[PDB]
Each structure stands twice: as structure tokens, then as C-alpha cells.
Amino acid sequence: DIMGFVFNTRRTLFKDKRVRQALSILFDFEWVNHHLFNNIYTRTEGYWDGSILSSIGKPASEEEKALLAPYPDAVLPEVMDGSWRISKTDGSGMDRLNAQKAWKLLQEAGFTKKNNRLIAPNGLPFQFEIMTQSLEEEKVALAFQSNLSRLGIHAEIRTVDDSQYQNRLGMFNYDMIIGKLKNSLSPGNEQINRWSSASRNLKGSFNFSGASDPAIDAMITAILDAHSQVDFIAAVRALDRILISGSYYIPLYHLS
């Protein structure tokens, strides 16, 4: 399984990769892990963690480099080389340094502050809703809310019934949710339903983030076309690299 905060990328507030990157950093997992759990949980970082298919701690192979050549904006340099690791905080949920990198990222993206509220380049305030289904999600979402408030972002936390929750998943009627994807044994055809651009605009698909990049589709095609161990590992690893660089998810944690 993979679990995370999912940015509904269809909505204007989350169109920009630096913004999703900033909000991802703003979330303090270690506060949550120590304060709501007994550190019984482990942070999920990428998309194929603890598998030969993970890209996390290794530099891109030549085949990967060849797979990605056509797509220069897809992967971050730190992610291309295996340096990248998900950001952690130092305990108490008021980290100045963490918040500082995100603030930096938002300025680049055109964000400013008015009367203590973060504001988009279009003057609209950065305010959005997080839809949860369970009390445990609500707690986690409420902790995120506190992190976001510290930079003038207002996250409204909702917990609703299942009919509504499932209706709204199906319609993509949400700013952000907690989504989980039960990974198959090896990535196969289900990848198209999760990440392909076509599945962005088909209600009831599992492209919760509305991700839609030619690079993503290309990697998926490469995974499915692979006839060797080496080509398949490079295709999945390259995909991980793009999805990490996309910040389509703010990854949460696995039972481990």
C-alpha cells in the first residue's frame, strides 16, 4: 500500500509543482508520529519503498537517463542522483527552518502575504478543504492544519459520511484527501488507472491527483513494454523519480 495527502492538481491552488513541494515540506510527520502514534509508524517517502523498484537511494542508470532524456523538467537533480530524501522536522511543531524552505518555494511560485494570509499570484487567498473519512485521518489532517496556519494557509478539515466520501472521490470533488493505493505485486496495467493523463478526466478512476504529464505516460508505456528485468526496473525507477518530483502526494506512512 501507499498512503498520502493527495493534491487535487485540477484545482488552481495546486497546479504548481513548487507549491505542492512547499506544502509537502510544511507537513511535520515526526510531530504526528511521536504525538498521535507511539512512533509505531514509518514515513513513506517515494512510491516503491523498500523494493528493488524504489529510486530513493541510488543514481539513475543510463537506461533511465535514456528513458528520461526527452523530459528535462520531469525530475529534480537531487532525485536523479539518489541524494533526495523526504524532509524531517526537529520535534516541536513550530520549526522555523522547515517553514523557511517552503516560504522560499512559495515566493518563487508567485505567492505573497496580505494581512497575515498567504495569497496566490491572482490575489485569491490560499484556503482549501481537506476531506477525511475517519477520526484518525481527522487527527492527522488537523495536525497538518496547524503546520499550514503558521504560514498563513487556512486548511478547512472536514470529516463526512461514506456515501458522500465515495461520491466525492468518484467526482474528484475535493481539494485534498488521504488516499491509499494498494500496490500490486509488480506494477502493471493498474498504473494507467492511477497516473495516466487520460485517467485524469474519467470519473471513478484512481488518478486522485489529476496527474497528467507526457513523461509519466511514457514511463508507464516503458514499464508495460519491458521484456527484461533490467528494462522493467529502470522504467519503474524512472517513474518513481517523476512522481517524487511531482509531489502529487504528500506521502504519509506504512504500518512498518
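All residue numbers are counted from 1 along the displayed sequence.
Peer 1: Could you settle it for me: does 43-51 or 205-213 have the higher average Cα B factor in the PDB entry?
Peer 2: Looking at the recorded C-alpha B-factors, 43-51 comes out higher on average.
Peer 1: Looking at the entry, does 92-100 or 68-76 show the higher mean C-alpha B-factor?
Peer 2: According to the PDB entry, the answer is 92-100.
Peer 1: Compare the CA B factors listed in the entry for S163, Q145, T112, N173 and report the winner.
Peer 2: That would be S163.
Peer 1: If you check the C-alpha B-factor for each of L26, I192, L36, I223 in the entry, which is highest?
Peer 2: Most elevated C-alpha B-factor of the set, per the entry: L36.
Peer 1: Compared with the other modelled residues in the chain, in which third is the CA B-factor of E108?
Peer 2: Within its chain, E108 is a middle-third residue by C-alpha B-factor, going by the deposited values.
Peer 1: Split the chain's modelled residues into thirds by Cα B-factor; is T159 in the lowest, middle or highest one?
Peer 2: Middle third by C-alpha B-factor.
Peer 1: When the deposited Cα B-factors of this chain's modelled residues are ordered and cut into thirds, is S197 in the lowest, the middle or the highest one?
Peer 2: Ranked within chain, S197 CA B lands in the lowest tercile.
Peer 1: Which third, lowest, middle or highest, does the C-alpha temperature factor of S184 belong to within its own chain?
Peer 2: As the PDB entry reports it, the C-alpha B-factor of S184 lands in the highest third of its chain.
Peer 1: Going by the recorded CA B-factors, say which third of the chain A141 sits in, lowest, middle or highest.
Peer 2: It belongs to the lowest third of the chain when residues are ordered by C-alpha B-factor.
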